[PDB]
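Trainee: Let me begin by handing over the structure; questions about it come next.
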Amino acid sequence: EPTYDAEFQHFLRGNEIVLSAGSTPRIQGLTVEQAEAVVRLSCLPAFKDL
């Protein structure tokens, strides 16, 4: 199995990722909190097209 260290680091300290001013776009069917979560977690290469 790979290290999965990037995935686990994101799982633990995901909210601590500093977003750019209003870097969170609006996604249909997703509250603003969910949109922020999607924006933060899209930094992972696996979730680029999320």
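In the structure tokens, chains take the letters A, B, ... in the order shown, each chain's residues start at 1, and ligands count up from 1 in the order shown.
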Please list as number ranges by chain every residue within 9 Å of residue 38 in chain A, counting only C-alpha atoms and excluding residues in the same chain fewer than 3 positions away.
Mentor: A: 24, 27, 33-35, 41-43, 47, 50
Trainee: For residue 7 in chain A, which residue among A:30, A:25, A:44, A:49 is the nearest when counting only C-alpha atoms?
Mentor: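 Among A:30, A:25, A:44, A:49, it is A:44 that comes nearest to residue 7 in chain A.
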Trainee: With distances taken over only C-alpha atoms, which residue among A:32, A:3, A:40, A:46 lies nearest residue 16 in chain A?
Mentor: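 Closest candidate: A:40.
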Trainee: Which of chain A end up as helix (DSSP H, G or I) when DSSP is run on this backbone - answer as a list in words?
Mentor: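 Taking chain A and keeping helix (DSSP H, G or I) gives residues 5, 6, 7, 8, 9, 10, 11, 12, 13, 32, 33, 34, 35, 36, 37, 38, 39, 40, 41, 45, 46 and 47 of chain A.
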Trainee: Residues within 12 Å of residue 17 in chain A, please, as a list in words. Count only C-alpha atoms; anything in the same chain fewer than 2 positions from it doesn't count.
Mentor: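 Near neighbours after the sequence-gap exclusion: residues 9, 10, 11, 12, 13, 14, 15, 19, 20, 23, 36, 37, 39, 40, 41, 42, 43 and 44 of chain A.
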Trainee: Dump N, CA, C and O atoms for the selected residues as a PDB file, in the first residue's frame?
Mentor:
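Below you can see again_2.pdb, which holds the result:
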ATOM      1  N   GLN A   9      -2.931  13.548   6.185  1.00  0.00           N
ATOM      2  CA  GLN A   9      -2.655  14.917   6.595  1.00  0.00           C
ATOM      3  C   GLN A   9      -3.817  15.832   6.241  1.00  0.00           C
ATOM      4  O   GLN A   9      -4.188  16.707   7.030  1.00  0.00           O
ATOM      5  N   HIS A  10      -4.400  15.653   5.054  1.00  0.00           N
ATOM      6  CA  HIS A  10      -5.577  16.438   4.704  1.00  0.00           C
ATOM      7  C   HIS A  10      -6.753  16.101   5.609  1.00  0.00           C
ATOM      8  O   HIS A  10      -7.492  16.995   6.029  1.00  0.00           O
ATOM      9  N   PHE A  11      -6.938  14.819   5.926  1.00  0.00           N
ATOM     10  CA  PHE A  11      -8.026  14.426   6.813  1.00  0.00           C
ATOM     11  C   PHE A  11      -7.898  15.099   8.171  1.00  0.00           C
ATOM     12  O   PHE A  11      -8.890  15.578   8.732  1.00  0.00           O
ATOM     13  N   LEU A  12      -6.682  15.156   8.711  1.00  0.00           N
ATOM     14  CA  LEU A  12      -6.489  15.726  10.040  1.00  0.00           C
ATOM     15  C   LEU A  12      -6.541  17.253  10.014  1.00  0.00           C
ATOM     16  O   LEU A  12      -7.316  17.868  10.753  1.00  0.00           O
ATOM     17  N   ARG A  13      -5.724  17.882   9.169  1.00  0.00           N
ATOM     18  CA  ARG A  13      -5.548  19.329   9.154  1.00  0.00           C
ATOM     19  C   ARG A  13      -6.143  19.965   7.899  1.00  0.00           C
ATOM     20  O   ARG A  13      -5.569  20.888   7.321  1.00  0.00           O
ATOM     21  N   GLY A  14      -7.302  19.471   7.458  1.00  0.00           N
ATOM     22  CA  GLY A  14      -7.893  19.989   6.235  1.00  0.00           C
ATOM     23  C   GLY A  14      -8.349  21.430   6.349  1.00  0.00           C
ATOM     24  O   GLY A  14      -8.086  22.243   5.459  1.00  0.00           O
ATOM     25  N   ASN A  15      -9.029  21.771   7.446  1.00  0.00           N
ATOM     26  CA  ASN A  15      -9.536  23.128   7.606  1.00  0.00           C
ATOM     27  C   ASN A  15      -8.421  24.150   7.778  1.00  0.00           C
ATOM     28  O   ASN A  15      -8.641  25.338   7.516  1.00  0.00           O
ATOM     29  N   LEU A  19      -7.263  29.280   2.436  1.00  0.00           N
ATOM     30  CA  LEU A  19      -7.848  29.594   1.144  1.00  0.00           C
ATOM     31  C   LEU A  19      -7.568  31.043   0.769  1.00  0.00           C
ATOM     32  O   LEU A  19      -7.410  31.912   1.630  1.00  0.00           O
ATOM     33  N   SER A  20      -7.526  31.312  -0.539  1.00  0.00           N
ATOM     34  CA  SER A  20      -7.338  32.712  -1.004  1.00  0.00           C
ATOM     35  C   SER A  20      -8.639  33.487  -0.773  1.00  0.00           C
ATOM     36  O   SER A  20      -9.694  32.837  -0.633  1.00  0.00           O
ATOM     37  N   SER A  23     -11.839  32.440  -2.460  1.00  0.00           N
ATOM     38  CA  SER A  23     -11.356  31.428  -3.436  1.00  0.00           C
ATOM     39  C   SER A  23     -12.385  30.302  -3.565  1.00  0.00           C
ATOM     40  O   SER A  23     -12.151  29.378  -4.367  1.00  0.00           O
ATOM     41  N   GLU A  36     -16.828  25.289   0.622  1.00  0.00           N
ATOM     42  CA  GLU A  36     -15.486  25.497   1.159  1.00  0.00           C
ATOM     43  C   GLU A  36     -14.757  24.174   1.335  1.00  0.00           C
ATOM     44  O   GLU A  36     -13.559  24.070   1.044  1.00  0.00           O
ATOM     45  N   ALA A  37     -15.462  23.153   1.827  1.00  0.00           N
ATOM     46  CA  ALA A  37     -14.846  21.841   1.989  1.00  0.00           C
ATOM     47  C   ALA A  37     -14.395  21.280   0.645  1.00  0.00           C
ATOM     48  O   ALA A  37     -13.293  20.734   0.525  1.00  0.00           O
ATOM     49  N   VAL A  39     -13.635  23.002  -2.050  1.00  0.00           N
ATOM     50  CA  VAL A  39     -12.510  23.792  -2.540  1.00  0.00           C
ATOM     51  C   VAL A  39     -11.221  23.373  -1.845  1.00  0.00           C
ATOM     52  O   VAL A  39     -10.177  23.204  -2.488  1.00  0.00           O
ATOM     53  N   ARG A  40     -11.272  23.194  -0.523  1.00  0.00           N
ATOM     54  CA  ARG A  40     -10.079  22.793   0.215  1.00  0.00           C
ATOM     55  C   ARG A  40      -9.612  21.401  -0.188  1.00  0.00           C
ATOM     56  O   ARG A  40      -8.410  21.167  -0.357  1.00  0.00           O
ATOM     57  N   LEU A  41     -10.544  20.465  -0.354  1.00  0.00           N
ATOM     58  CA  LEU A  41     -10.179  19.086  -0.638  1.00  0.00           C
ATOM     59  C   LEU A  41      -9.852  18.854  -2.107  1.00  0.00           C
ATOM     60  O   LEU A  41      -9.262  17.821  -2.439  1.00  0.00           O
ATOM     61  N   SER A  42     -10.189  19.796  -2.986  1.00  0.00           N
ATOM     62  CA  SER A  42      -9.820  19.686  -4.389  1.00  0.00           C
ATOM     63  C   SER A  42      -8.339  19.942  -4.628  1.00  0.00           C
ATOM     64  O   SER A  42      -7.851  19.661  -5.728  1.00  0.00           O
ATOM     65  N   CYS A  43      -7.621  20.471  -3.635  1.00  0.00           N
ATOM     66  CA  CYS A  43      -6.180  20.649  -3.777  1.00  0.00           C
ATOM     67  C   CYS A  43      -5.469  19.314  -3.940  1.00  0.00           C
ATOM     68  O   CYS A  43      -4.387  19.255  -4.537  1.00  0.00           O
ATOM     69  N   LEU A  44      -6.049  18.241  -3.413  1.00  0.00           N
ATOM     70  CA  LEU A  44      -5.497  16.916  -3.637  1.00  0.00           C
ATOM     71  C   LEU A  44      -5.600  16.553  -5.116  1.00  0.00           C
ATOM     72  O   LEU A  44      -6.629  16.812  -5.748  1.00  0.00           O
TER      73      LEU A  44
END
